[PDB]
K.L.:
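I'd like to ask you about the structure that follows.
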Amino acid sequence: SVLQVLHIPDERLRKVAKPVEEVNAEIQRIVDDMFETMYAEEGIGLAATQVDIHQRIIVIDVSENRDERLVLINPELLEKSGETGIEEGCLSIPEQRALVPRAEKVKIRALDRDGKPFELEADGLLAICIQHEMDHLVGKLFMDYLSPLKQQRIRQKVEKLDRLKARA
Ligand code: NI
């Protein structure tokens, strides 16, 4: 099932997620529907909290033909180094992109879809993507990194967009 993605300025985007207590079949259905929603919305990553589920689950897939789907449950940042930034988009901030400071490399520890633990050293797009999604889980958005004026300037935009969007 395709889940509905919340947009700013929805207050539920600012909720802190709780860790997953047990990775079971309800968890695994959330994963499936999250992947479905991400692909439908043409993203390369989705955090559970953008879909009003306030648990620590992230799905990513950067692959061309769904060969390499990635699942981080209860993710934890072990180390980072460097600094970079591309012009990020966010499914919850529709059509708005900004360059954002990130660590260039990142080492994490998480659980997979089966609740088995793994480690992952990432760089490039993957590293930036992990940070972006992990931010979602503590209620941070990429626009939080920008100046009051850019944020202000941004917010105006999106509300109009959706104000078109329901359209009716
Ligand atoms: Ni996002």
Side-chain angles (χ1 to χ4, degrees), residues 1-23 26-62 70-78 80 83-103 106 108-111 122 125-167:
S1 333
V2 180
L3 295 175
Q4 199 215 111
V5 178
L6 312 174
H7 294 184
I8 58 162
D10 200 313
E11 299 227 324
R12 296 188 296 272
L13 256 2
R14 332 248 50 175
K15 288 169 106 292
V16 177
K18 295 173 198 252
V20 166
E21 175 178 285
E22 177 189 325
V23 169
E26 289 289 88
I27 289 310
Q28 280 166 324
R29 173 182 289 290
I30 292 165
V31 174
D32 280 325
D33 290 78
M34 271 179 62
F35 264 129
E36 261 192 73
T37 307
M38 183 190 72
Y39 288 135
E41 298 303 303
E42 289 163 57
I44 50 163
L46 182 71
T49 132
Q50 310 176 248
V51 291
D52 209 17
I53 297 166
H54 301 289
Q55 307 211 29
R56 295 177 59 74
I57 301 171
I58 304 166
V59 304
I60 289 165
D61 181 18
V62 328
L70 183 72
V71 173
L72 326 189
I73 282 170
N74 298 352
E76 129 164 70
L77 185 70
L78 296 183
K80 55 182 178 77
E83 64 284 325
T84 39
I86 63 169
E87 284 149 323
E88 285 183 28
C90 187
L91 294 51
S92 313
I93 303 169
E95 289 184 30
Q96 238 56 258
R97 301 198 184 242
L99 194 174
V100 151
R102 300 290 183 192
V106 129
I108 69 172
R109 187 161 65 200
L111 305 179
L125 222 215
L126 214 221
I128 289 170
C129 191
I130 293 167
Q131 297 170 77
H132 175 111
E133 299 314 333
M134 280 189 79
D135 269 4
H136 275 309
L137 304 174
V138 294
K140 295 201 41 159
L141 308 169
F142 80 75
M143 70 185 309
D144 294 347
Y145 290 101
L146 305 178
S147 63
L149 274 195
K150 295 271 171 313
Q151 297 184 37
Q152 167 200 276
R153 212 41 275 269
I154 278 176
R155 262 177 316 250
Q156 306 185 349
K157 320 200 227 138
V158 177
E159 289 191 314
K160 159 211 320 299
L161 193 141
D162 289 354
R163 124 148 67 251
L164 297 19
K165 194 158 302 137
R167 143 272 112 57

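Counting from 1, the numbers follow the sequence of the chain as shown.
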K.L.:
Heavy atoms only: give me the nearest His54-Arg12 pair and the separation to one decimal.
P.N.:
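Nearest pair, atom of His54 first, then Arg12: CE1-O, 3.4 Å.
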K.L.:
Does the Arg102 side chain pair with the main chain of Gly85, one donor and one acceptor, at a distance under 3.5 Å?
P.N.:
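Judged by distance alone, no pair lies under 3.5 Å.
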K.L.:
Please test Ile27 against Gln55 for side-chain contact (heavy atoms from CB on, under 4.5 Å), starting from the C-alpha separation and ending with a verdict.
P.N.:
CA-CA 10 Å; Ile27 289 310; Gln55 307 211 29; 3.8 Å; yes
K.L.:
So do the side chains of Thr37 and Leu91 get within less than 4.5 Å of each other, counting heavy atoms only?
P.N.:
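They are not in contact (no side-chain heavy atoms under 4.5 Å apart), so the answer is no.
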K.L.:
Do any pairs count as a side-chain hydrogen bond (donor to acceptor under 3.5 Å, both in side chains) and have a residue in residues 90-101, sequence neighbours left out, and if so which ones?
P.N.:
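Sorted pair list: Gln50-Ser92, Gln96-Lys157.
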K.L.:
Do the side chains of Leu146 and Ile154 get nearer than 4.5 Å, heavy atoms only?
P.N.:
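Result yes, sub-4.5 Å side-chain heavy-atom pair found.
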K.L.:
Write down the atom of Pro9, the atom of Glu159, and the distance for their closest heavy-atom approach.
P.N.:
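Where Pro9 meets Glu159 most closely, the heavy atoms are CG-OE2, 3.7 Å.
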K.L.:
Might you point out which heavy atoms bring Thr84 and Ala103 nearest each other, and give the distance in Å?
P.N.:
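Nearest pair, atom of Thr84 first, then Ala103: OG1-O, 3.7 Å.
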K.L.:
Under 4.5 Å between any side-chain heavy atoms of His136 and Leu141, yes or no?
P.N.:
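They are in side-chain contact.
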K.L.:
Flag yes if more than 12 heavy atoms outside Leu125 fall under 6.0 Å of its CG atom; otherwise flag no.
P.N.:
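No.
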K.L.:
Any idea how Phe35 and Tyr39 line up, ring-wise: parallel (<30°), tilted (30 to 60°), or perpendicular (>60°)?
P.N.:
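Because their plane-to-plane angle is under 30°, the rings of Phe35 and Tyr39 count as parallel.
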K.L.:
Apply the side chain to side chain contact (heavy atoms under 4.5 Å, CB included) test between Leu70 and each candidate in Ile44, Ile58, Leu126, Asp61; give the one that qualifies.
P.N.:
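Of all the options given, the one that passes is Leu126.
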K.L.:
For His7 and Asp162, work out which heavy atoms get closest and say how close.
P.N.:
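Looking at all heavy atoms of both residues, the closest pair is ND1-OD2, 2.8 Å.
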K.L.:
Is any side-chain heavy atom of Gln151 closer than 4.5 Å to one of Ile8?
P.N.:
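No. Closest side-chain heavy atoms not under 4.5 Å.
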K.L.:
Do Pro75 and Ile130 come within less than 4.5 Å of each other through their side chains, counting heavy atoms only?
P.N.:
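When only atoms from C-beta onward are counted, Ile130 and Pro75 do not touch, as no gap falls below 4.5 Å.
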K.L.:
Can you check whether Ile53 reaches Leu3 side chain to side chain, under 4.5 Å on heavy atoms?
P.N.:
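When only atoms from C-beta onward are counted, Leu3 and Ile53 do touch, with a gap below 4.5 Å.
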K.L.:
Can you tell me if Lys165 has over 12 outside heavy atoms packed within less than 6.0 Å of its NZ?
P.N.:
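Result for NZ/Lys165: enclosed.
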K.L.:
How far apart are the C-alpha atoms of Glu88 and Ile128, what are their side-chain angles, what is the distance that settles it, and do they pass the side-chain contact (heavy atoms from CB on, under 4.5 Å) test?
P.N.:
CA-CA 9 Å; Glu88 285 183 28; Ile128 289 170; 3.4 Å; yes
K.L.:
Of the options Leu137, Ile108, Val59, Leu111, which is the one that meets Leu72 in a side chain to side chain contact (heavy atoms under 4.5 Å, CB included)?
P.N.:
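One option only clears the test, and that one is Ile108.
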K.L.:
Check the pair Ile57 / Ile30 against side-chain contact (heavy atoms from CB on, under 4.5 Å), numbers first and verdict last.
P.N.:
CA-CA 9 Å; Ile57 301 171; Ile30 292 165; 4.0 Å; yes
K.L.:
Are the side chains of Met34 and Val51 in contact, using a 4.5 Å heavy-atom criterion?
P.N.:
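Of all side-chain heavy-atom pairs linking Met34 with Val51, at least one is under 4.5 Å.
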K.L.:
To the nearest 0.5 Å, what is the distance between NE2 (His132) and CG (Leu46)?
P.N.:
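Separation between the atoms: 9.5 Å.
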K.L.:
Is there a side-chain contact between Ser147 and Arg153, using heavy atoms and a 4.5 Å cut-off?
P.N.:
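They are not in side-chain contact.
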K.L.:
Taking atom CD as the centre, does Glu42 end up with more than 12 heavy-atom neighbours from other residues, nucleotides or ligands that are less than 6.0 angstrom away?
P.N.:
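At most 12 heavy atoms, drawn from other residues, nucleotides or ligands, come within 6.0 Å of this atom.
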K.L.:
Just jot down the side-chain hydrogen bond (donor to acceptor under 3.5 Å, both in side chains) partners of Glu26, sequence neighbours excluded, or say none.
P.N.:
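Scan of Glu26 (side-chain hydrogen bond (donor to acceptor under 3.5 Å, both in side chains), adjacent residues dropped) gives none.
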K.L.:
Testing the 3.5 Å rule here: is there a donor-acceptor pair between the side chains of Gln152 and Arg155?
P.N.:
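The answer is no; no qualifying pair exists.
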K.L.:
For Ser1, is there any backbone N or O sitting under 3.5 Å from a side-chain donor or acceptor partner on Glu36?
P.N.:
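Checking the backbone N and O of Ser1 against the side chain of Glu36, a donor-acceptor pair under 3.5 Å is found.
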K.L.:
So with a 6.0 Å cut-off around NZ of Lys80, is the heavy-atom count from everything else above 12?
P.N.:
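12 or below, so no.
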K.L.:
At what distance, to the nearest 0.5 angstrom, does CZ of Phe142 lie from CD of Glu87?
P.N.:
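One gets 10.5 Å once the value is rounded to the nearest 0.5 Å.
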